[PDB]
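Quick notes on the structure that follows.
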Amino acid sequence: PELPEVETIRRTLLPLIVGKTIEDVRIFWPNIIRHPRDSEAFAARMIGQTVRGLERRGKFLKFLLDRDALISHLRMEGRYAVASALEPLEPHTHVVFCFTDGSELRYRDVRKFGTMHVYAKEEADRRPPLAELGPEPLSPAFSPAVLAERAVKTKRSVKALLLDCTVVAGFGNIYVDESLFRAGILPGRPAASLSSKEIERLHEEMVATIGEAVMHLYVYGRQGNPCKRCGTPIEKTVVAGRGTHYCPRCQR
DNA sequence: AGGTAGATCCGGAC
DNA sequence: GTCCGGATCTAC
Ligand SMILES: [Zn+2]
């Protein structure tokens, strides 16, 4: 799920788990657990804690319990569901939190690619994976000045910069390509080559693109098809190690 | 020093 | 057999 989808999950999951107390934690693929390194320690420490809140930082969900925060990343295909302990689990379920009320919060992922870290609440923000995470793209902390400061300092392309989680939190491949299209900027441009005007426009489009989604595609996945704005066929290349889509007329 | 590329994890689709 | 997302860890 992309950032807007993580926000929807955050909003919808909260009322379904708040105030429930963990009675067991069952782990079917231990590699999902990244901290504590022992998945037995992970399961043991959560028992007896009640869910108090649910926050989002980039694409991370932060489950707030009594003493601990559980930091979860779903990557592309991870999903959470709340359901009865009496009913069979869905395929690819890797972690289940059992509540004292007979309900369960289940984590499933065909790709088996997500991560979970648990730390004392007060430590979560200064440890992996949240440590060093850049500002929320919809917050005033993400400003053109901040984007411009990072851009001038680097030899990397503008796409590489935007994909950097220390620059801006959880701006995925799809939103990078769409925002660069809307800003009229080629994804392979050196970030240091952007004018003040271009940086301002890019920040504007980034906020608008994410903002609209949190609250429909021009280029992503549309290679070989006409640009919706000018009719030029959309092209795909590799930039920053990623599938990268652009209109060669609209973007420069 | 520290910026930045490369390796790493996974499995459905090609 | 190779490819590919995100984000972190390793090493140039
Ligand atoms: Zn175009």
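For the numbers below, each heavy atom of this structure counts, side chains included, while hydrogens, waters and symmetry mates do not. Order of the sequence lines fixes the chain letters, A, B, ..., with proteins taken first and strands second; residue numbering starts at 1 for each chain.
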With a 4.0 Å cutoff (strictly under), does any side-chain N or O of [X] reach OP1 or OP2 of [N]?
{"X": "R75(A)", "N": "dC4(C)", "value": "no"}
{"X": "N31(A)", "N": "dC10(B)", "value": "yes"}
{"X": "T154(A)", "N": "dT4(B)", "value": "yes"}

Specify whether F60(A) and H73(A) have parallel, tilted or perpendicular ring planes, treating 30° as the upper limit for parallel and 60° as the lower limit for perpendicular.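 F60(A) and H73(A): perpendicular rings.
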Indicate the ring-plane relationship of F142(A) and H203(A), choosing parallel, tilted or perpendicular according to the 30° and 60° boundaries.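 Plane angle between 30° and 60°, so tilted.
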Stacking check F113(A) vs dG5(C) (5.5 Å / 30 deg):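 According to the criterion (under 5.5 Å, under 30°), yes, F113(A) stacks.
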Main-chain N/O of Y119(A) paired with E123(A) side-chain donor or acceptor, under 3.5 Å: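 The answer is no, because no donor-acceptor pair under 3.5 Å joins these two groups.
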To the nearest Å, how far apart are [X] [atom1] and [N] [atom2]?
{"X": "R242(A)", "N": "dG6(B)", "atom1": "CZ", "atom2": "P", "answer": "14 Å"}
{"X": "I32(A)", "N": "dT8(B)", "atom1": "CD1", "atom2": "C1'", "answer": "15 Å"}
{"X": "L163(A)", "N": "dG6(B)", "atom1": "CG", "atom2": "P", "answer": "16 Å"}
{"X": "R111(A)", "N": "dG11(B)", "atom1": "CZ", "atom2": "P", "answer": "8 Å"}
{"X": "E5(A)", "N": "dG5(C)", "atom1": "CD", "atom2": "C1'", "answer": "14 Å"}
{"X": "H35(A)", "N": "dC9(B)", "atom1": "NE2", "atom2": "P", "answer": "21 Å"}
{"X": "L74(A)", "N": "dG6(C)", "atom1": "CG", "atom2": "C1'", "answer": "12 Å"}
{"X": "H245(A)", "N": "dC4(C)", "atom1": "NE2", "atom2": "P", "answer": "11 Å"}

Is a donor from one side chain sitting under 3.5 angstrom from an acceptor on the other, for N173(A) and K159(A)?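 Yes, a side-chain donor-acceptor pair sits under 3.5 Å.
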Starting the side chain at C-beta, find the nucleotide from [options] nearest to [X].
{"X": "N173(A)", "options": "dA7(C), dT4(B), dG6(C)", "result": "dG6(C)"}
{"X": "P128(A)", "options": "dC9(C), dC10(B), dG6(C)", "result": "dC9(C)"}
{"X": "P129(A)", "options": "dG12(B), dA7(C), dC10(B)", "result": "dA7(C)"}
{"X": "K112(A)", "options": "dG5(C), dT8(C), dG11(B)", "result": "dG11(B)"}

Cation over ring face, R229(A) and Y218(A), 6.0 Å, 45°: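 Judged by the rule, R229(A) and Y218(A) form a cation-pi pair.
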Should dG5(C) be tagged north or south? The rule is the sign of the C1'-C2'-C3'-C4' torsion.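 The sugar ring of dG5(C) falls in the north range (positive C1'-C2'-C3'-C4' torsion).
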